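# Sequence and experimental coordinates follow.
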Number of protein chains: 4
Amino acid sequence: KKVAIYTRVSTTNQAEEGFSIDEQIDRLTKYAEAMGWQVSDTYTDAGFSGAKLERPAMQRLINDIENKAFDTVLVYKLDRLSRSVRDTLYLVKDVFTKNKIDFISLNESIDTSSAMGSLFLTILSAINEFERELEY
Amino acid sequence: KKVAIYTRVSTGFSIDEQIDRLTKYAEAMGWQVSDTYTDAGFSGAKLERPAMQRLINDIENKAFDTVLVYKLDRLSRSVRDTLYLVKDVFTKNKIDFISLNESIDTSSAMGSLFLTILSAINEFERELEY
Amino acid sequence: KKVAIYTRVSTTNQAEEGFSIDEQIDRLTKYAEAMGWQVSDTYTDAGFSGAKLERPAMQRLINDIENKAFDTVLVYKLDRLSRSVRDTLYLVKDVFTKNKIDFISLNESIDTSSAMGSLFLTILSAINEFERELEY
Amino acid sequence: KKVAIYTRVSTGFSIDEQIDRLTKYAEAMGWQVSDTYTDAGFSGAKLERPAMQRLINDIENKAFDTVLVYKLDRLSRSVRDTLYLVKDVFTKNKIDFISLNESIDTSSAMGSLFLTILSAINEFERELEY
């Protein structure tokens, strides 16, 4: 199994980040290798907010999606992928799932290839839509 | 069931219509309405509203065991306030909550689960986005 | 709105049933009329188990589904419709929902036209499949 | 985390393979394995199994704070027993539960919700079918 790892930090001061790029890569690599997988490549956004999707490596990852280079996207923590629920639903549902690519967020133990991971997504989407309708 | 009817419009459906739909519903179910609580001309953005406050203060009295609204957004336009009201005020005091339009009844297994899921997901969303 | 009511009892001794056919019809009619609807017809299986779908009125209801005579099916209690989760998932998902017919079970306050009613169904289906895989 | 590894085969994957996958996983996560609990040649239909019992009895000792299995059905082939174990034995004693294959971790928000939903739905199903 070929797996893409996505890592992000808001700043370029690795010493001061809660989890530096290198700590993220190390955990994700160690994990993928315990699972018996291979990391096909590393997408790294060092010094970019998770508030929006307009980040070079994330854009690269989305573009490379239509190459079948990998079949899983791995993040250390969901907030590394995005800090927007709407952006996360878009990425995981309309970009990853739509192209038969699974998504794993280690810290949250969310894996969209599992029964409970896919149900989590369905629930997040349904509840998010319901909340938005209540507040709007 | 002994039900309290809560209705609101800001400054959807009119007060009269909400009262009408909910009285008809209660009677068709065989329920008794204990009182009506009407906030005519108030925002749902916050909980500071005279009839809502009268309702919350009347909990101690035990004149009703269910709060009934036509649509959830009459109760509140805030997910956080809705959860506080339904979870920490009504449920905490053994008062069931029914929203006719959303077909949500916290005395049912699925209404109760819905409330649990909404709370767990809202907290998950906060933690992602904060 | 035109609505079909489905009622069932296992035996023909109405005096001894927990909820007789007439009590079921009365509640459902009173409910539909409070809601401002009209009962287009009544499907009644008096003296049939809920363990299987092979019952005259239920079969009639399924057959009449492709007529657009009604757009909602109403039951007093889910167990009147079926006492099988698999049969219930089939009816509500593959017969009702598939033909754009909503389903309401009064006692359970389940309405498949609502956000939380449709999510309940999705969850029941996902969890039922998961349980079956665990036990088999 | 200090983890207890539970593996089982009846009379999927071998004992050796389960132990291997789970030790590698624990080490990659930085966790310590406190002990292995192996039921080689036992049905998952019931909870009466020597290593399972040793595990449950070892809870009082506090040598681990997580139970780790490769696949949920190693733990049990019964939804009712699984719920008893995970909800009323592990969670009740502040012990987390991880099933690697199902990616279920009761210390996560979504693993915890999953357990809540499975319990609520199983009860709903029983009540329909009984």
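All right, it came through fine. Residues are numbered from 1 along each chain as shown, chains lettered A, B, ... in the order given.

# drop to CA atoms for contacts and neighbour counts, all remaining ones
OK.

# Would you map the strands across chain A?
Assigned by DSSP state E, chain A shows strands spanning A:2-9, A:38-46, A:72-75, A:102-105, A:110-111.

# touching chain C at all, the last one?
Which is strand A:110-111. No - using CA under 8 Å from any CA of the partner chain, we find that strand A:110-111 stays clear of chain C, coming within 15.4 Å at best.

# how about that strand against chain D, any contact?
Yes - with CA under 8 Å from any CA as the criterion, chain D is reached by strand A:110-111 at A:110-111.

# what about that strand, distance to the chain center?
Relative to its parent chain, strand A:110-111 has a centroid offset of 10 Å by CA atoms, centre = their mean, to the nearest Å.

# Relative to residue A:87, how far out is residue A:73?
15 Å (CA to CA, to the nearest Å).

# Residues of chain A that sit close to chain B?
Within chain A, the positions near chain B by CA under 8 Å from any CA are A:78-79, A:83-85, A:124, A:127, A:131, A:134-136.

# Mind doing that once more with 7 Å?
By the rule CA under 7 Å from any CA of the partner chain, the part of chain A lying against chain B is A:79, A:83-85, A:124, A:127, A:131, A:134-135.

# Among the residues you listed, which pair sits farthest apart?
Spatial extent of these (CA to CA) is set by the pair A:79 and A:134 at 25.0 Å.

# quick one, which of these two is more surrounded?
When residue A:79 and residue A:134 are compared for neighbours, residue A:79 comes out ahead with 22 against 17, by other CA atoms under 10 Å in any protein chain shown.

# and the gap between the closest residue to that one other than its chain neighbours and chain C?
Once flanking residues are discounted, residue A:79 sits nearest to residue B:128: 5.8 Å by CA to CA, 6 or more residues apart in numbering or on different chains. In this view, residue B:128 and chain C are 23 Å apart by CA to the nearest CA, to the nearest Å.

# Residue B:128 is in contact with residue A:83, isn't it?
Yes - using CA atoms under 7 Å, residue B:128 makes contact with residue A:83 at a distance of 5.5 Å.

# quick one on the thing from earlier: which one's more surrounded, residue A:73 and residue A:87?
Neighbour count, other CA under 10 Å: between residue A:73 and residue A:87, residue A:73 has more, with 23 against 17.

# So what sits opposite that one in the bridge?
Per DSSP bridges, the residues bridged to residue A:73 are residue A:4, residue A:103.

# so residue A:135 touches residue B:77, yeah?
Yes - under the criterion of CA under 7 Å, residue A:135 lies in contact with residue B:77, with a separation of 4.8 Å.

# buried residues in stretch A:129-136?
For stretch A:129-136, burial by neighbour count (16 or more other CA atoms under 10 Å in any protein chain shown) applies to A:130-131, A:134.

# Need the contact partners of the lengthiest helix in chain A.
The single longest helix within chain A, with elements called by DSSP state H, is helix A:115-135. Helix A:115-135 is contacted from outside by A:89, A:110-112, B:73, B:77-79, B:118, B:121, D:110, D:114, using CA atoms under 7 Å, 6 or more residues apart in numbering or on different chains.

# quick one, it and helix D:109-129 angle?
In terms of direction (axes from the mean of the first three to the mean of the last three CA atoms, to 10 degrees), helix A:115-135 departs from helix D:109-129 by 90 degrees.

# and helix A:115-135, how far from the chain's centre?
18 Å.

# Also stretch A:71-91?
Relative to the chain's own centre, stretch A:71-91 is displaced by 3 Å; criterion: CA atoms, centre = their mean.

# before we move on, what about stretch A:12-29?
Relative to its chain's centre, stretch A:12-29 lies at 15 Å (CA atoms, centre = their mean).

# Out of the strands of chain A, indicate the one that is most buried.
Mean neighbour count (mean count of other CA atoms under 10 Å in any protein chain shown) peaks for strand A:110-111 among these, with a mean of 25.

# in its sheet, what does it sit against?
Each strand paired with strand A:110-111, and its direction, by DSSP bridges: strand A:102-105 (antiparallel).

# I am assuming residue A:20 contacts residue A:14, so please confirm or correct that.
Yes - assessed by CA under 7 Å, residue A:20 is found in contact with residue A:14 at 5.1 Å.

# The two: which has the busier surroundings?
Higher neighbour count among residue A:20 and residue A:14: residue A:20, with 20 against 16, using other CA under 10 Å.

# and the gap between the more buried one and chain D?
Going from residue A:20 to chain D by CA to the nearest CA gives 17 Å.

# next one: residue A:122
For residue A:122, the distance to chain D (CA to the nearest CA) stands at 12 Å.

# For that residue, grab the count of nearby residues.
Neighbour number of residue A:122 under other CA under 10 Å is 17.

# now the one 3 residues further on
As a burial measure, the neighbour count of residue A:125 was computed by other CA under 10 Å and equals 18.

# mind listing what's buried in stretch A:17-35?
A:19-21, A:24-25, A:27-32, A:34-35.

# Centroid-nearest residue for chain A?
Residue closest to the mean C-alpha point of chain A, counted by CA atoms, centre = their mean, is residue A:81 at 4.1 Å.

# Return the distance of that one relative to chain B.
With CA to the nearest CA as the criterion, residue A:81 and chain B are 10 Å apart.

# same thing with residue A:3?
The value you get for residue A:3 to chain B, if CA to the nearest CA is used, is 24 Å.

# contacting residues around that residue?
Contacts of residue A:3 (CA under 7 Å, 6+ apart): A:38-40, A:70-74.
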